[PDB]
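Counting begins at 1 with the first residue of the sequence. Both ligands and their constituent atoms are indexed starting at 1 by order of listing.
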Amino acid sequence: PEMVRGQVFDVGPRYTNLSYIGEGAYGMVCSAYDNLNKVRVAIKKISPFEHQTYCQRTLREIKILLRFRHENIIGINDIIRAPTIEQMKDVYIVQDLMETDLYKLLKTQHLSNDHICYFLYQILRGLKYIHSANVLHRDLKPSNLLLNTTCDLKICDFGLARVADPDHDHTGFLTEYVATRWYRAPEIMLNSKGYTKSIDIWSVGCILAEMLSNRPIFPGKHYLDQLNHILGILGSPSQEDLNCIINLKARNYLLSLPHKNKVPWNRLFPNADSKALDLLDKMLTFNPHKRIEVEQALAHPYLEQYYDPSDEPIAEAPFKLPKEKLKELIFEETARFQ
Ligand SMILES: NOC[C@H]1O[C@@H](n2cnc3c(N)ncnc32)[C@H](O)[C@@H]1O
């Protein structure tokens with residue numbers, strides 16, 4: 001087998017001329033020439049079989065991406081693995097080669113307002129389809145938004161995704177660990193398991209703010225710091241919004257804080273389009289029940305140059321174990337590519 005940066009990368013002979021792109025916790029990413037389609041592709045090596053959590057996330061990613069078909073969601077073109085479960089140690093996911101991701105782009109590039117608008121449109125168009133499938137992405141952030149050289153945007157990494165379950169969303173204070181810290185909605189720390197679609201809208205609002213300034217809006221230094229940053233900008237929640245939190249530990253924590261004033265969005269983002277800031281405010285609303293939903297966000301005036309509900313498709317078929325069963329499930333889910 002071919003080897004890249006000291007790693008077995010067993011993809012031949014369809015895929016040749018490999019180039020290292022980036023790493024993961026149990027996964028290297030390379031580009032490769034697809035000798036059948038005569039184009040360069042991205043290939044992700046995944047080695048999850050030693051750990052049941054890894055197998056969980058791998059199965060979620062594969063199952064969701066194989067069922068979704070949308071212009072703003074990365075597709076799986078091919079899956080490479082050994083012909084038998086016994087010989088299967090790694091799985092390789094082949095995808096369209098994307099030039100960059102929004103994380104890397106924001107490190108060095110200022111976005112025009114036209115780019116911000118277009119990127120946001122595409123994020124929300126993809127999210128409309130995800131949510132229409134009753135799925136929550138649950139880890140939206142700039143590094144999970146891939147971009148090609150013409151700025152087509154595709155959402156990736158569904159390894160943390162779940163089927164929405166709003167009836168079983170409530171939990172206690174300071175227990176929950178959903179999404180990546182900077183993109184985590186305030187209720188995750190207060191009373192929510194992150195099983196409602198509003199969790200993803202919050203993340204999108206954080207991404208929009210980061211597109212406006214190239215810095216994360218709520219850069220909590222650790223898990224407990226995150227709510228400090230959110231409330232330092234949004235200000236103290238209203239009585240009505242506190243009354244919506246029945247859990248006493250969560251409500252009394254908020255009541256224990258000194259009063260904080262809202263920081264106006266236009267003071268934080270003095271160069272931003274006022275329509276963008278109006279939409280930002282609606283996505284970064286403290287109360288998740290008052291928070292804008294994805295179809296309302298698409299219809300917001302900021303996006304009027306792009307909005308077209310007939311061209312914002314929804315999913316046809318919404319979604320309604322020891323590592324050994326999970327390996328067998330991954331083997332079965334990848335069979336169609338043999
Ligand atoms: N993904 O995490 C490790 C590295 O792989 C990159 N990547 C993941 N999928 C990719 C894809 N389809 N096309 C191009 N690059 C990709 C990601 O941008 C990061 O730099």
- Query: Centroid-to-centroid, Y33 to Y15, below 6.0 Å?
  - Reply: no
for atom 4 (C) of ligand 1, nearest protein heavy atom and its distance come out as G22 CA, 4.0 Å
re atom 11 (C) of ligand 1, the protein heavy-atom contact at minimum distance is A42 CB, 3.4 Å
Near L146 (heavy-atom distance under 4.0 Å), the atoms of ligand 1 are 9 (N), 10 (C), 11 (C), 12 (N)
The salt bridge (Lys or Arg N to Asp or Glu O under 4.0 Å) partners of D139 (sequence neighbours excluded) come to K141
Paired with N72, the side-chain hydrogen bond (donor to acceptor under 3.5 Å, both in side chains) test is passed by just one of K154, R125, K128, namely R125
So for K104 against ligand 1, with non-hydrogen atoms under 4.0 Å, the contacting part is side chain
Practice item. Assert yes or no for the condition that the ring centre distance of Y183 to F218 is strictly below 6.0 Å. Key: no
At under 4.0 Å between heavy atoms, what of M98 touches ligand 1? The answer is both
In this structure, atom 6 (C) of ligand 1 is nearest to the protein heavy atom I21 CG2, 3.9 Å
For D101, the ligand 1 atoms with a heavy-atom partner under 4.0 Å come out as 17 (C), 18 (O)
_Using ring centroids (six-membered ring only for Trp), state whether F158 and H137 fall under 6.0 Å._
yes
For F337 and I76: C-alpha separation, side-chain torsions, deciding distance, then whether side-chain contact (heavy atoms from CB on, under 4.5 Å) applies.
CA-CA 10 Å; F337 294 98; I76 294 176; 4.2 Å; yes
> Heavy atom of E23 under 4.0 Å from ligand 1?
Replying inline: yes
Looking only at non-hydrogen atoms, the one of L97, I74, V29, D96 nearest atom 8 (C) of ligand 1 is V29
- Does a donor on one side chain and an acceptor on the other come within less than 3.5 Å for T16 and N35? yes
